[PDB]
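Residue numbers (the authors' numbering), protein chains in the order written: chain U, 578 to 625; chain L, 722 to 817; chain C, 15 to 166; chain S, 194 to 241; chain V, 242 to 289.
Ideal Cβ placement from N, Cα and C applies to all residues, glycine included.
Inspection log for the structure reproduced underneath, given as structure tokens.
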Amino acid sequence: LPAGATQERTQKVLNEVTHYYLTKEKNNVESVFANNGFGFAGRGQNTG
Amino acid sequence: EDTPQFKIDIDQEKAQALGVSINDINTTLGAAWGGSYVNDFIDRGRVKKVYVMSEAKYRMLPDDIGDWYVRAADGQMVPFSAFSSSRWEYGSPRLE
Amino acid sequence: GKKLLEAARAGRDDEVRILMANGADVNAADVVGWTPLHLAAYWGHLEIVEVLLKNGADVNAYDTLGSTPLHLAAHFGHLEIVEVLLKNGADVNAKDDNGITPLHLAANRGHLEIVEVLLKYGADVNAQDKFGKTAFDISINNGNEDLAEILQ
Amino acid sequence: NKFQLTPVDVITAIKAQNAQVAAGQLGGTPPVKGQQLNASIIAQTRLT
Amino acid sequence: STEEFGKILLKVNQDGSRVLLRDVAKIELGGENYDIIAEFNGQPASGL
């Protein structure tokens with residue numbers, strides 16, 4: 578997410594992500610583990 | 722096996738009332754009955770410890786608890802029997 | 015006496031009701047003043063309380079700080095033992111060396127049933143400890159809504 | 194001595210005014226519903 | 242417990258009324274920090 582973007586804003590996005598895998602990849606995806614707060618580029622409320 | 726042990730409770734309200742800080746209370750109890758490593762001194766060129774502890778005859782039985790005093794913020798000396806209640810209970814002398 | 019103190023601590027039914035037949039002292043007290051009846055009220059052995067009391071055990075014996083078996087049992091939620099003690103004449107308002115009563119101890123832990131059994135047997139609800147605290151003052155200080163109402 | 198000061202007070206003042214402070218975050222976690230702003234709160238920093 | 246922390250005596254007023262910790266705060270078991278939201282298929286999850 579952009580700079581300073583909040584926790585609740587990231588979570589709506591990760592839920593849109595998890596909803597895609599479990600619906601439109603229902604044949605192939607077993608489970609999705611989302612982590613809001615830390616990423617490859619670093620930590621912050623705006624990375625997941 | 723578990724052994725009897727002397728539970729002593731500090732009344733937070735009465736201590737607060739008398740102007741007697743809890744730190745004055747606890748460090749007095751501990752340094753008297755448990756003793757306290759205070760600092761070091763040099764005994765014949767060799768650095769060694771300095772413990773303060775009550776003399777034996779004043780830390781033997783529950784009656785001796787009363788003979789210890791703490792100063793209040795107003796400057797008056799208050800005995801332990803003023804802000805403490807005490808009972809008996811059992812506990813382990815060696816937790817595995 | 016020494017074998018009865020440790021047998022009533024461990025809770026061996028047969029061994030207390032054989033030591034009693036061997037003339038063991040019901041009121042033999044350890045170094046802190048705890049009789050076999052103090053031990054059984056502390057540890058919750060209901061049936062050793064009933065064997066000792068009918069063998070002449072001092073129901074209102076107090077330790078080297080003034081604690082009676084009724085104090086111990088009312089403190090740690092032994093309801094059936096509080097009733098058996100009171101049925102054998104337990105001092106419902108006994109005062110230890112701090113002024114604490116069985117009603118105070120039972121009120122601090124929130125034992126609603128032992129408080130109602132002590133009050134039924136006539137516990138002084140306005141009895142004060144050494145700090146002037148009643149069973150009620152304990153209740154408001156602990157935030158106990160249920161018990162603050164039972165204590166008048 | 195002109196201003197009734199000692200090294201004690203100098204050291205105290207340097208300790209008070211040359212320091213770094215943990216100040217938390219605007220919209221810090223845990224946040225409230227619909228927080229849209231999350232930002233580092235910057236308190237006192239080291240002198241330079 | 243939360244109750245024992247609740248009855249911490251902060252202050253005895255002049256009229257005697259005791260200011261308790263629960264009177265000025267809410268008290269609960271909680272996380273050490275709340276910076277990470279971990280979800281497994283959108284359900285609450287922790288892990289190793």
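Test item: CB-CB of residue i and residue j under 8 angstroms
i	j	result
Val771 of chain L	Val759 of chain L	yes
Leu126 of chain C	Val106 of chain C	no
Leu599 of chain U	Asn254 of chain V	no
residue 169 of chain C	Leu119 of chain C	In the structure displayed, chain C extends from 15 to 166; residue 169 of chain C sits before or after that span and is not available.
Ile268 of chain V	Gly247 of chain V	yes
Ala87 of chain C	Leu79 of chain C	no
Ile95 of chain C	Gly58 of chain C	yes
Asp723 of chain L	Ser813 of chain L	yes
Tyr779 of chain L	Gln726 of chain L	no
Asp138 of chain C	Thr115 of chain C	yes
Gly220 of chain S	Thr583 of chain U	yes
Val265 of chain V	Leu250 of chain V	no
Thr243 of chain V	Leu270 of chain V	yes
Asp795 of chain L	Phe145 of chain C	no
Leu33 of chain C	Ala21 of chain C	yes
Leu230 of chain S	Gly581 of chain U	yes
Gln210 of chain S	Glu585 of chain U	no
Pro200 of chain S	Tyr275 of chain V	no
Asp27 of chain C	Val46 of chain C	no
Those residues which DSSP pairs with residue i across a bridge
i	result
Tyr275 of chain V	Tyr275 of chain V is not bridged to any residue.
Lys770 of chain L	L:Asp761
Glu280 of chain V	U:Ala611, V:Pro285
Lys252 of chain V	V:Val260
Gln726 of chain L	L:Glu810
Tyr790 of chain L	L:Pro800
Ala232 of chain S	S:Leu219
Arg620 of chain U	U:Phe615
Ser805 of chain L	L:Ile731
Residue i versus residue j - alpha carbon distance
i	j	result
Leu67 of chain C	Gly113 of chain C	25 angstroms
residue 167 of chain C	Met781 of chain L	No statement about residue 167 of chain C is possible, as the shown extent of chain C runs from 15 to 166 and does not include it.
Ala232 of chain S	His92 of chain C	55 angstroms
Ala793 of chain L	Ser802 of chain L	15 angstroms
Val30 of chain C	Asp72 of chain C	16 angstroms
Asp761 of chain L	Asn36 of chain C	59 angstroms
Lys226 of chain S	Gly619 of chain U	24 angstroms
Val773 of chain L	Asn747 of chain L	15 angstroms
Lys147 of chain C	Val260 of chain V	17 angstroms
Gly103 of chain C	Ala286 of chain V	57 angstroms
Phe804 of chain L	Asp784 of chain L	15 angstroms
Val799 of chain L	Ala738 of chain L	12 angstroms
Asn592 of chain U	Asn623 of chain U	15 angstroms
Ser807 of chain L	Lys728 of chain L	6 angstroms
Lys17 of chain C	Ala121 of chain C	34 angstroms
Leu198 of chain S	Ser742 of chain L	31 angstroms
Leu578 of chain U	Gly272 of chain V	25 angstroms
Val65 of chain C	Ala279 of chain V	59 angstroms
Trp809 of chain L	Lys109 of chain C	15 angstroms
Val609 of chain U	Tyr597 of chain U	10 angstroms
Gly740 of chain L	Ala752 of chain L	21 angstroms
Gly621 of chain U	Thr587 of chain U	10 angstroms
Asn74 of chain C	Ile763 of chain L	57 angstroms
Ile62 of chain C	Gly15 of chain C	15 angstroms
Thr749 of chain L	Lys735 of chain L	17 angstroms
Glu245 of chain V	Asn155 of chain C	10 angstroms
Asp143 of chain C	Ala149 of chain C	9 angstroms
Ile204 of chain S	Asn744 of chain L	27 angstroms
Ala236 of chain S	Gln218 of chain S	11 angstroms
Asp256 of chain V	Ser153 of chain C	19 angstroms
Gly124 of chain C	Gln166 of chain C	15 angstroms
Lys134 of chain C	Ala777 of chain L	48 angstroms
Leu19 of chain C	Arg815 of chain L	22 angstroms
Listed by chain order, chain A residues near residue i by CB distance under 7 angstroms
i	result
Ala232 of chain S	No chain A is present in this structure, whose protein chains are U, L, C, S and V.
Checklist entry - Do the stretch 29–42 of chain C and the stretch 50–59 of chain C meet, that is, are 3 or more Cβ pairs less than 8 angstroms apart? => result Verdict: yes, contact present.
Item checked: the stretch 598–615 of chain U contacting the stretch 787–807 of chain L, beta-carbon criterion three pairs below 8 angstroms -> Because the criterion of three Cβ pairs below 8 angstroms is not met, the stretch 598–615 of chain U and the stretch 787–807 of chain L do not touch.
Those runs of the alpha helix (DSSP H) which lie wholly inside the stretch 729–755 of chain L and span at least 4 residues:
733–739, 743–754, all fully within the stretch 729–755 of chain L.
Query raised in the report: Does the pairing of the stretch 749–758 of chain L with the stretch 598–605 of chain U give three or more beta-carbon distances under 8 angstroms?
Result: Verdict: no, contact absent.
| task | Ignoring anything shorter than 4 residues or poking outside the stretch 74–148 of chain C, list the alpha helix (DSSP H) runs there in chain order. | result | Taking only runs of at least 4 residues, the alpha helix (DSSP H) segments lying wholly in the stretch 74–148 of chain C are 83–89, 93–101, 116–123, 126–134.
Exercise. So does the stretch 153–160 of chain C actually touch the stretch 210–229 of chain S, counting three or more Cβ pairs closer than 8 angstroms?
Worked result: Segments in contact, no.
Touch test, the stretch 52–65 of chain C against the stretch 80–91 of chain C, Cβ-Cβ under 8 angstroms, three pairs minimum:
Taking 8 angstroms as the limit for Cβ pairs, the verdict is that the stretch 80–91 of chain C does touch the stretch 52–65 of chain C.
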